[PDB]
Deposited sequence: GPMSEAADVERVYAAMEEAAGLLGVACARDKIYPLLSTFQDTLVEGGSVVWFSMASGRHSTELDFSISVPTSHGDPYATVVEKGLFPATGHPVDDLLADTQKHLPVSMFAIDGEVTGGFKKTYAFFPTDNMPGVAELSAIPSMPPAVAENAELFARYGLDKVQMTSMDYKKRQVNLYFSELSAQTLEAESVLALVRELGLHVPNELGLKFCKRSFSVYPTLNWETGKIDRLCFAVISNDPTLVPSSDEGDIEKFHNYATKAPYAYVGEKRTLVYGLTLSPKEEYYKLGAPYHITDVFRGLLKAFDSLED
């Protein structure tokens, strides 16, 4: 009934507050709830995903929520609903431009619990992933994508599994998948990082990157220079944070084992990130709250 479905939104929000509390973070209800209501119809085949990002000097909590393509472009929805002001910049058009040029299998919206909406995702079918050539066939894609196609191809980064768009920072992430083990070999990783002028991982980091199922750079429309790069590892293990700092080791194992999960039996699947930027490295841990059987098979495929 109607009360149930509004209670669902309230339940996602209590799970978001529960997850934030594990980091000492305070959610801003007035910034989150309107976004959840606007998309309440999807919440009651919903994928809801709480991802932590922590480094030395910063720690943040994002929430992500799937939106079927049949629902229409969800960034257009949030602009029409007045939930985010259209930056007046090509990133406004990029999610719709992608659907217009490529088979998108699903969208997702993404917020940060203190500022609200900031980010959308565009997923592609696993049996029909595009490469760098198709992705720069999209007019509102940044020039940087084509300008780095030599580099991507030289490192064997071809098939892209999804993209994401950050409207606050005006950036894009290309989530490369189907990585050859040679790309993830330590010497390959070190060359790539040093060509992009980013923080060099140590031996721990490199053993992490060897485990990656996806690699993703961040690009922008101002320059062809990749802003940062992330190596993503998928695993059931709550201990894989590529850090030797006992605080980190504790923080991430705590989140991994305590983040809310709508399921009573399953050992939840985790997605770790090692992000290298020009000035630092930091670590990400995403944890599903509600998942679909489809998304379960998706995460199964990655192992």
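- Residues of the deposited sequence that lack C-alpha coordinates fall in the stretches 45-46, 306-309.
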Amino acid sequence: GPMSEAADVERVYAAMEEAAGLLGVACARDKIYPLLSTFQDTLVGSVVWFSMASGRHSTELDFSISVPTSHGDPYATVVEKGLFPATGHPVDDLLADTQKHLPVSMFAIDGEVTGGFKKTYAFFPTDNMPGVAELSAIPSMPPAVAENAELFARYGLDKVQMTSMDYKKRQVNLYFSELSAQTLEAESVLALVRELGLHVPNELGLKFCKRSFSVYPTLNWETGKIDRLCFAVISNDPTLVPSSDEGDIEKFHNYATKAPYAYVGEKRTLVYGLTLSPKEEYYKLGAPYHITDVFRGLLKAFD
From here on, numbers count along this sequence of modelled residues.
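- In this entry, 85-93 has the higher mean Cα B-factor, the comparison being between 85-93 and 113-121.
- Higher average CA B factor: 54-62, of the stretches 274-282 and 54-62.
- When the C-alpha B-factors of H71, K169, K210, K100 are ranked from the entry, the top spot goes to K210.
- Between the residues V67, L35, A26, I249, it is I249 that shows the highest Cα B-factor in the PDB record.
- Ranked within its chain, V12 lands in the middle third, by CA B factor from the PDB record.
- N202: CA B factor in the highest third of modelled residues in this chain (values from the PDB entry).
- Annotation for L43: CA B-factor lies in the highest third of the chain's modelled residues.
- Annotation for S177: CA B-factor lies in the lowest third of the chain's modelled residues.
- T218: CA B factor lies in the lowest third for its chain, per the PDB record.
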